[PDB]
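Have a look at the structure below, then the notes.
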Amino acid sequence: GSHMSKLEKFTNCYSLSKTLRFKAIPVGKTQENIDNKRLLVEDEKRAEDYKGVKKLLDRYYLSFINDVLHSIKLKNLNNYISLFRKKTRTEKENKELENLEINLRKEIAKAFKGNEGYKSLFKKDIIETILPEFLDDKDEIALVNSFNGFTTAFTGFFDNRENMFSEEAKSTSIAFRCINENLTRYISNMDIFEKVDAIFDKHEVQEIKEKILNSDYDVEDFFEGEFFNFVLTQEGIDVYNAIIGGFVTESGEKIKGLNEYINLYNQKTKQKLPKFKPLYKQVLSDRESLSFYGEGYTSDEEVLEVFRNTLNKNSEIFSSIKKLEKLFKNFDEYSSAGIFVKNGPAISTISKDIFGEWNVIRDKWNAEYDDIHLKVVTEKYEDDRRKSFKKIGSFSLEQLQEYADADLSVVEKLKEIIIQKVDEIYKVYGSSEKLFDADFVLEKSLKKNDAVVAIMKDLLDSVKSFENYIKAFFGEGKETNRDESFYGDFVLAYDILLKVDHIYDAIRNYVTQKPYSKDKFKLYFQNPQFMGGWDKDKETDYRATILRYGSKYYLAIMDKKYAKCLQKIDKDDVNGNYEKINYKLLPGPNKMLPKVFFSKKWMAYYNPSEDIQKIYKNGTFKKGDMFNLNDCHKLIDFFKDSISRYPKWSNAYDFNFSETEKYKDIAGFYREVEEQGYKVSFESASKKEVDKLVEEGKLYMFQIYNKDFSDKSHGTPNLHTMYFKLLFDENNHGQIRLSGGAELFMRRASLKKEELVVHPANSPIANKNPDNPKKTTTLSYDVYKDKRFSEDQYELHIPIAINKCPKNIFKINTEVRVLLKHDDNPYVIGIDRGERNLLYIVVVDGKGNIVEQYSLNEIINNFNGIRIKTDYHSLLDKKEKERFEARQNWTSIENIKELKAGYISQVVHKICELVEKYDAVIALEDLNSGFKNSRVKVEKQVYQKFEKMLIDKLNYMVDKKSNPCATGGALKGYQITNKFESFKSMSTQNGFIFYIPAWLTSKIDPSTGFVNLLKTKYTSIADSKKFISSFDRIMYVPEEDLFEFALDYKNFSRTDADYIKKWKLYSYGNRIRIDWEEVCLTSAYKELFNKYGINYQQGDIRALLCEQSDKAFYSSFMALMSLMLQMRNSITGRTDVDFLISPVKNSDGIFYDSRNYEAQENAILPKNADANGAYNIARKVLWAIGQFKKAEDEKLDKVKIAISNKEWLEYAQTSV
RNA sequence: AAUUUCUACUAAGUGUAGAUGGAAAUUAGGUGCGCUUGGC
DNA sequence: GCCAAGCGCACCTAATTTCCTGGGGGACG
DNA sequence: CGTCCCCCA
Ligand SMILES: [Mg+2]
Ligand code: NA
Ligand code: NA
C-alpha cells in the first residue's frame, strides 16, 4: 500500500569498511616448503614474544603515566565543579561548562605530551633504546632486542597506546576517564555526601580513617572539590573506593564502608537514602586489592590431596561433625533454657526447620505481644512492636518450646533435623570412597572431569549444609544462663568445622576454571609490514598479491629472498596464464600530494617557484582565516603539472580534473584525486612459470576459499562471496574498493579426527526437521561434526571499503522527515521487546490499520513448499537454564551469544523484508540504557543485540538476489540509519528508526484508549472510604449481571493525562490474580459483599460500603478493584495465557477481549498484550508523522517526536 | 551433520537458507557461589 | 524461602577507540 | 650504492 518510494534516495551516503574472511588452502608444494623453512614455528613463537614485549612496554607506559598523574594539579576544579552543579544554567553557561571541561582534559593531555621524550614513546626508539635502558632483567632486555628491525609490527599497538593520551572526549583516553567519567562520579558523590553525612557515627568515620586512611586524612576530605587530584592514580582510587566499600582484613573481618552504613541505616529506618558511586579504574593500572584473600590451589594433585586429607572419615573436620552429632543426640541432657538461637537469620533459619517457614517465630511472638499491647493499627504500633522485637538478642529453646504444638516438640524436632543432616553426609561420603584411597588416579583432569567434581561438591555441600545449620545454635554470646557444659564442647567443634570455609572456596575457585585453549596466530613471512597493501609499486616490499584462474582466486606470497620473482614473469602466448592483479591506490591525497611534491627529490627535479613554496609553507591554500582563493589555485596547478610529470601516477590513473578556476577549496581537488586515484585490472602471467616458482619454493600460493568456490556449490552464494567477486568486476566503479591491511593467520586444529562424531557412508542419517517429509538422508561419503576444527587452517582477512567517495550527502534524519511529511500513506513497523515474546511485530499503514501482527519467538521459513519452524524462544530458554545450572554445579558454562546472534539475524532479515515491502519506518521503545541494563539478568535478553545488528544492517542494506548494480543491490546498498559510531551518540531518531516513549502502550484498551490511572493499593480504612466515595456511582446491573462503577477521573489525583475523563467500569469477565488463580469478577464482588451483609442491589451502593468497619473488607475491596483494572492477564510459563481484557465498553457496547482476535487469522485489533504494545508504539510514530505534516520543511528538524502522556491518551481515545 | 565464521539445516548428495567488520587496545557489565553486616 | 550494602573467586558478554597506506627517507650492510 | 625498515599525516 506504499505510495512513495523512500529507500531509493538513500544510496552512496557515507563510507564504511568491512572485513571478508576466507580459508586459505596451500597449493602444490607450498605447505611442504613452509614446513621445511619452519616459517609457522617462527611465527607461533613471534606471537608469544610479541605479546611479551607488549607487556614490557606497558610496564614502561604505566610508569610514565603514574609519574605524570601523581604530579598534576588540575586548575579549573573549583570553578568547573561550581558550574557543573549549578541548577539554573543558561545555554551560555552550558557552553562555558564545555570549555572548562575541554580545558581540564587539555591540562591532562598536555602534561603527558609536554615531556620531551613523549614523541619517542611511539617510534622505533622505545624498543631500540628506551625500554632496554629502563629494564634490568637480561632475559627481558633480550626479548625486546629480538624485535630490532621489526618495530613497525607494533604500529597498531602504538596507536592503541597513543589513544590513552588524547585530549578528546573518547572512551580510551585517560583524560576522558579522569574528567568525563571519574570527576562526574566524584562530583555526584559530593552531593550525596551532603545529603547523607548526618547518618554516620563519629566512631564509624574514625574506624575508616584509622583502618583505611592510616589517620593521614579525614573521610570528609574526599568530598571536597580540591581533593579530586588525589584520585587521578589507581593508588588514590583504591583508597577512595575503600571509603565507599570497606575492605577485608587478614583475619576475614569485613571493615564497613559508607555504602554499608547507608544501607544499614536505610534498612533500619525503612528509608531510601542514595548510595555512593565507586570510581572507575585508571587506564593501564595493574591494581592489587586492599582486601585480603587467601591463596588458592594450583594443581589437580593439590586439590585431591586437600580433599582426601581434610575431609576423610578420620580428619579433624569429620571429628567435629561426629562431636556435634553427639551433642544434639544428647540434647535432653542439657538445659533448654541454657542454649540459645541468636535473633535474626539464625532465628529465621530455625523457624523454617521447626515450623516450615522463616517467619513463624516472628508471627507467634507478635501474637503474644499483641495480647499484652492491644486495646487501631498504627504504623507506630508496628514500629514499637518491631523495635521491641529487635531488642531481644536471642531465644532459648525453652522459650522456643512455648511456641510449639502439643504434638510438636521443639527439642525433638531439632535433633531429628541434625540426624537427617549427618545421615546425608554419610550417604555422600559413601559415594566418595573411590577417590578417598591412595591408589586412585585421575583419568580426566579436574577442570574437565564432571564425574569427580560432582562427587567432591556433593560431599562439600553436605558439610556446608550441616555447618550452616549448627551455626544457628551459637546464641548471641553474652546470655547469662549459658550452659557452658553444652557450649564449651560446641565452640571447640564449631571452630574446627569452619576450616571447611577456605577449602570450599579454594576448590570451587580451582575446579571451575576453564582449560586454556590456544589462539590463532598472525603470519608475517618475515616482513614486519607483510601484506600491508596491494599497490603494484609495493609488491616487492609487501610480498603478497592476488592471482585469478577462471573462477578461482589465490593469494601469492614471494619468499623474501625472491621478492621480484612474479615481476619477471610474462604472458604465455601459447599455454595457460594466471591473471595477476594490477592494483594502484593513491591513498589520502591531501597528505600524499604535498609529501611527494615538496620532497627533497621532487623539488630538485622540479623548480617550484618561491611563490608556490611560501604558499604551502604559510598554508594560504587551506580553508581557514589565512585562505587565498588565488593562492589555492596556483598550488593546484602546481600539483596538476607535477602529476603530469610523475610517471608513477600519470600512467596509473586516468586523471580528468575539473578546471582549476572552478575549485572553491583545495579539498575539491583532493576529492577528485581521491576518487580517480584507484585502479584495479589484471595482467596475464604464464601458468607454467608461476607454478615452477611454487614448486621451487620461491612463491607460496593459497587458494582463497569458502564453500561457494567449491566445484560442488550450486546455490545462492554468501553475500560476502559476492562482495569479494565484485572487487574485481568491471561493473564495480569504485562502489567497493579492495583495501590494504589484509592479514593471514594460522589456526591450529583444536580437535583430533579420531574424536569427531562420524556418520559413516551408506548408513542413513536422521533428519531433524519434523515438517521435512524425507525422514532420512543417506550419503556415499562420511560426514564429521566440526571437521573444520580437526585440521590446521589458514585464514585470510581482507578489508574492503564501501562508498569510499560518497556523492549523496545530506542529513539523513532530516530527509526521512521530509519524506514522511509528504508521504500519503506511510507505513510503520512497530516492534516490542519482551520476555514472553522476545520480539513482537505489528505493521500499520498511514491510518493506523493493522496490516500484519505476529510474534518472533519462532522463525518460520519456506524452502520449496517445505516449512521449517524454529522455536528460538525455546532454544534460548534451554541454553539459559543450562548456563544457570552449570554455574551452580561447577560444570562447563556454554556460550549463548552465538545462538542469540543466529536468532537475531533471522529477525533482522525479516524486518529488512518488511521495510522493503512496505517502504516502512521502524518504531521502537525509547528504552534508556537504565532499563536495557536491568534486563541483562534475563539472559534471553535479546533487544540490545537486536538493535546492534539491526542498525548494522541498515548502515548498508543489500538484497543478495538483486542485480548488484541496481538500487539496493550489493553495489548500491540502502543506508537508512546514520553511520553507526556509538549507542551513546544516538538520539531518538536514527534515519528510519524512531524511538518513542513506551508509556501505556501495552496496558491500554486499544478499542477505546482507556487506561487505569487509579491507585488501588490498600493503605488504610479511611483511605479506602475516600476512594469509594470518589466514584459518581457504584451499582449492580441486574439485566446484565455486572457491577457498574461510574467515575470522572477529575475526582482522583494524578489523572490530568486522561482525555475522556468520564468512564463506566464493569466487572466483566475473569482476571488472573498472582501463585495464580482465576477470579470471576462479578461473582467475587457478590462473594465479598455477602460476607459483610451488604445489600449490593440497593441501587447506589457507595454509602453502604463506607458504613463498613472491618479493615479486611476494604483491603479485599481494593484487591478486587485492582483485578478489575488489571487489563493484562498472564500466567508465567503458560505462553497460551497472555490476554488483554477491558473493563470498559466501546461505542457499540462491546468489551474488548484480545482472545476474540487471537482466534482470527487476520484480526483488526491486537491479538494479545504484546501485540498491543507493538501496535501502539507504531501509533506513537504515526502521531509524530502527523507533527511532521503540521510543520514547514525548514522546521522539520525542530519537531518533537516524543508524544506527551497527555497527548497520547487524547490521541488513543479519539482514534475511535 | 559438512561452514571464512555463526545460526538453523541435509535442501537431493562433499552440500542448503539467512546472516557475517576484522584486528588490536581499553574499559564496563552480567550470572553463579562463598564470606561479613543487615531487611522481609 | 526472598532481598540489600560490601569483599572475593570462577565464568561469559559487550561498549568504544584506532587502523584498514604509498612513497620519501634514512639506517645500514 | 641498493635494500629494507621506518615514518608520515
Ligand atoms: Mg548458499
Ligand atoms: Na558478581
Ligand atoms: Na552479595
Side-chain angles (χ1 to χ4, degrees), chain A residues 17-23 123-124 149 151-152 156-157 159-161 163-164 170-172 177 245-248 252-254 256-257 259-260 262-264 266-267 275 280-281 283-284 291 293 344 352 357-359 501 504-505 508-509 512-514 528-529 532-533 535 537-538 541 585-588 591-592 595-596 599 601 706-707 710 712-713 715-716 718-720 739-741 743 757 759 765 767-769 774 777 779-781 783-785 787-788 795 797 799 801 861 863-864 866 868 870 883-884 887-888 893 895-899 901-903 905-906 908-909 936-937 939 982-983:
Chain A
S17 303
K18 289 186 187 309
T19 305
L20 315 185
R21 286 172 303 179
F22 299 85
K23 177 177 188 177
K123 296 150 102 163
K124 76 179 197 262
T151 62
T152 49
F157 182 67
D159 295 350
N160 301 126
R161 287 290 166 277
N163 287 340
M164 304 184 322
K170 300 192 154 162
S171 76
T172 59
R177 162 61 44 92
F247 80 103
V248 180
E253 184 173 24
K254 173 63 179 61
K256 294 170 172 172
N259 273 6
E260 274 148 304
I262 295 167
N263 180 66
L264 288 176
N266 278 336
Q267 292 186 151
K275 65 172 210 277
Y280 290 170
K281 79 186 298 295
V283 181
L284 207 62
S291 291
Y293 194 70
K352 188 189 178 59
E357 307 161 26
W358 70 270
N359 52 283
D501 289 2
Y504 192 92
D505 292 316
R508 179 193 65 242
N509 291 341
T512 63
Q513 294 173 22
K514 202 159 274 170
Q529 277 197 241
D535 191 281
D537 301 321
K538 294 294 286 182
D541 190 322
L585 173 57
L586 197 168
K591 307 166 238 202
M592 194 163 290
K595 260 182 215 162
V596 169
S599 67
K601 296 178 57 182
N706 73 33
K707 60 162 170 280
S710 163
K712 298 311 194 181
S713 170
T716 303
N718 301 323
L719 176 56
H720 280 202
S739 302
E743 302 184 278
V757 172
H759 284 99
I765 320 177
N767 287 323
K768 306 201 295 169
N769 173 13
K774 185 166 166 287
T777 294
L779 304 167
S780 58
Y781 50 92
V783 298
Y784 300 82
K785 184 172 211 300
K787 184 161 76 87
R788 66 193 162 289
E795 47 183 273
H797 297 198
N861 278 323
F863 197 68
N864 311 337
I866 287 190
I868 182 120
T870 309
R883 289 161 55 90
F884 172 84
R887 291 174 181 124
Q888 296 204 306
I893 301 162
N895 280 8
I896 194 159
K897 73 181 175 315
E898 294 86 357
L899 177 55
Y903 168 56
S905 77
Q906 295 285 338
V908 164
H909 181 66
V936 174
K937 65 180 183 191
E939 290 193 324
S982 61
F983 285 111

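Note that these values count all heavy atoms, side chains included, but never hydrogens, waters or copies made by symmetry. Naming: A, B, ... by sequence-line order, numbering from 1 per chain.
- Closest to the side chain of A:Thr870, from the set B:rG34, B:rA8, B:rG22, is B:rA8.
- At a threshold of 4.0 angstrom between heavy atoms, the contacts of A:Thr512 are confined to the sugar-phosphate backbone, with no base atom among them.
- Rounded to an integer number of Å, the gap from A:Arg887 CZ to B:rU31 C1' is 4 Å.
- Counting non-hydrogen atoms under 4.0 angstrom, A:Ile866 reaches nothing in the nucleic acid.
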Original post:
What does nucleotides 22-29 of chain C look like as a protein-contact string, B for base, S for sugar-phosphate only, - for none, at under 4.0 angstrom between heavy atoms?
Top reply: BBSSS---
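- Relative to the side chain of A:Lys254, the nucleotides C:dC7, C:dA10, B:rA11 differ in distance, and C:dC7 lies closest.
- Taking the side chain to side chain donor-acceptor pair (under 3.5 Å) definition, one finds that A:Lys787 meets it with nothing, sequence neighbours left out.
- Under the rule for a salt bridge (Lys or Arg N to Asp or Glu O under 4.0 Å), A:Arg21 has no partner lying at least two apart in sequence or in another chain.
- Listed nucleotides B:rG29, B:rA24, B:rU10 differ in distance to A:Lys768; the shortest reach to its side chain belongs to B:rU10.
- Here B:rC9 presents its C1' atom at 11 Å from CD of A:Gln906, a figure rounded to the nearest Å.
- Aromatic stacking is not marked for A:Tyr293 over C:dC7, as the cut-offs of 5.5 Å for the centres and 30° for the planes do not both hold.
- For A:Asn767 against B:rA1, a side-chain-to-base donor-acceptor contact under 3.5 Å is present.
- Considering only side-chain atoms of A:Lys937, the nucleotide from B:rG30, B:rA8, B:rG13 that sits closest is B:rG30.
- No N or O donor and acceptor, one from the side chain of A:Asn509 and one from the base of C:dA10, sit under 3.5 Å apart.
- Rounded to an integer number of Å, the gap from A:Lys170 NZ to B:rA25 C1' is 15 Å.
- B:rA24: glycosidic angle beyond 90° from 0, hence anti.
- Side-chain N or O atoms of A:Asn259 include none that pairs as donor or acceptor with a backbone N or O of A:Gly245 at under 3.5 Å.
- In this strand, B:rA11 does not stack onto B:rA12; the six-membered rings are not both under 5.5 Å apart and under 30° in angle.
- Axis deviation across the helix from B:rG21-C:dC20 to B:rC40-C:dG1 amounts to 60°, comparing end segments of five pairs, rounded to 10 degrees.
- A donor N or O paired with an acceptor N or O is not found under 3.5 Å between the base of B:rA19 and the side-chain atoms of A:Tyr903.
- Side chain of A:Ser291, nearest nucleotide from C:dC9, B:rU26, C:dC7: C:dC7.
- Atom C1' of nucleotide B:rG30 and atom CD1 of A:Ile893 are separated by 12 Å, given to the nearest angstrom.
- Contact between the side-chain N/O atoms of A:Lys787 and the OP1/OP2 oxygens of B:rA2 is not found at any separation under 4.0 Å.
- Distance from the side chain of A:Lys897 is smallest for C:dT13 among the nucleotides C:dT13, C:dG8, B:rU3.
- Comparing atom distances between the A:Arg508 side chain and each of B:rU3, B:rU26, C:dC9 picks out C:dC9 as nearest.
- A:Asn259 contributes no side-chain N or O that forms a donor-acceptor pair with the base of C:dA5 under 3.5 Å.
- Toward the 5' end of RNA chain B, the nearer of the two residues A:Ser713 and A:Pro799, judged by each one's closest nucleotide, is A:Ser713.
- A:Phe983 meets the ring pair (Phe, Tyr, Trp, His ring centres under 6.0 Å) test with A:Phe980; sequence neighbours excluded.
- Nucleic acid contact class of A:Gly588 (heavy atoms, under 4.0 Å, all strands): none.
- B:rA11 makes up no base pair with any nucleotide shown, lacking Watson-Crick or G-U wobble contacts both under 3.5 Å.
- Atom-to-atom, CG of A:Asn163 to P of C:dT17 comes out at 10 Å; the value is rounded to the nearest Å.
- Residue A:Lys712 places no side-chain atom within donor-acceptor reach of the base of B:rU14, judged by atom type and a 3.5 Å distance cut-off alone.
- Rounded to an integer number of Å, the gap from NZ of A:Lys23 to P of B:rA2 is 13 Å.
- For B:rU3, there is no paired nucleotide, since no Watson-Crick or G-U wobble pair has both relevant distances below 3.5 Å.
- If you take CZ of A:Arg883 and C1' of C:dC12, they are 5 Å apart, rounded to a whole angstrom.
- Residue contacts for A:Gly149: at a heavy-atom cut-off of 4.0 Å it reaches the sugar-phosphate backbone alone, with no base atom in range.
- Between A:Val757 and A:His797, the residue anchored closer to the 5' end of RNA chain B is A:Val757, taking for each the nucleotide with the nearest heavy atom.
- With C1' as the reference atom, B:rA8 and B:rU3 are 12 Å apart, rounded to whole Å.
- Which of B:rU26, B:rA1, B:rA8 sits closest to the side chain of A:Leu899 comes down to B:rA8.
- The side chain of A:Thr716 places an N or O atom within less than 4.0 Å of a non-bridging phosphate oxygen (OP1 or OP2) of B:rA17.
- Under the Watson-Crick or G-U wobble criterion, with both distances below 3.5 Å, D:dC4 is paired with C:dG26.
- Taking 4.0 angstrom as the limit, A:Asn263 places none of its side-chain polar atoms (N or O) nearer than this to OP1 or OP2 of B:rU37.
- For the P atoms, the distance linking B:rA19 with B:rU31 amounts to 34 Å, nearest Å.
- A stacking contact links strand neighbours B:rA17 and B:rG18, their base ring centres being under 5.5 angstrom apart and the planes under 30 degrees.
- Using a 4.0 Å heavy-atom cutoff across all strands shown, A:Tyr781 reaches at least one base atom of the nucleic acid.
- Between the side-chain ring of A:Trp358 and the base of C:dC2, no stacking contact exists by the 5.5 Å and 30° definition.
- In terms of phosphate contacts, A:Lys514 brings a side-chain nitrogen or oxygen within less than 4.0 Å of OP1 or OP2 of C:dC12.
- Taking the side chain of A:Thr19 as heavy atoms from C-beta on, and the options C:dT16, B:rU20, B:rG21, the nearest nucleotide is B:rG21.
- Below the 3.5 angstrom threshold, one finds a donor paired with an acceptor across the side chain of A:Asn718 and the base of B:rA19.
- Side chain A:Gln267 to base B:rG39: no donor-acceptor pair is found below 3.5 Å.
- Among the heavy atoms of the strands lying under 4.0 Å from A:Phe863 is at least one base atom, whether or not backbone atoms are also near.
- Regarding A:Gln513, its CD atom lies at a distance of 6 Å from the P atom of C:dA10, rounded to whole Å.
- Every salt bridge (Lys or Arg N to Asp or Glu O under 4.0 Å) that A:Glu939 has, sequence neighbours left out, goes to A:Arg883, A:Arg887.
- With centroids closer than 5.5 Å and planes inclined by less than 30 degrees as the test, A:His720 and the base of B:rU20 pass as a stacked pair.
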